């Protein structure tokens, strides 16, 4: 009578499951591969946060920054640092705006340190994060390895419950993207 209308191969695809250690208070898990440097990541970020808020316990959104372009390595470190400080909800829109709207590339370690300090972060925490943290470097790399495992080569992209992927290109619009994500969080 009625037929499924979330179409595998068009709206989403299945991926090979990665070997994960996911905390169950992070389930259903939505992983967004993104960068501050991506205009499409920027466009959808605030609606995505709103959608995530409206999902409440129905979803746990985790972001994974990617390195595709000059300066994106530092943008990734900025994400990990802000997250560590529990400041990524505050800093995500600030960083997006600086890079995308003010065309401030924040292209040096120094410029990033200063930017973080201007927004209330301790100078040494930010300096040491950018200049001497193998821990943060390893997270940047591990995010990129994950992205490759999922056969993702464009952002924004989403992997839901370590099994289904979608992106704005597949969805075709922000509204369809969130309909797709609402569907996927419930699968398998």
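Positions refer to the first chain, counted from 1.
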Avg C-alpha B-factor, entry values, 97-105 vs 110-118, higher side is 97-105
Do the CA atoms of 172-180 or those of 20-28 have the higher mean B-factor in the entry?
20-28
Which of 136, 59, 155, 64 ranks first by CA B-factor in the deposited coordinates
59
State the tercile, meaning the lowest, middle or highest third, of residue 71 with respect to the CA B-factors recorded for its chain.
highest
Consider only the C-alpha atoms of the modelled residues in this chain, order them by B-factor as the entry records it, and name the third containing residue 148: lowest, middle or highest.
middle
Quick check on the deposited entry: does the C-alpha B-factor of residue 128 sit in the lowest, middle or highest third of its chain?
lowest
Tertile call for residue 55 (CA temperature factor, within chain, third-based) is the highest
By its CA B factor, does residue 49 count among the lowest, middle or highest third of the modelled residues in the chain?
highest
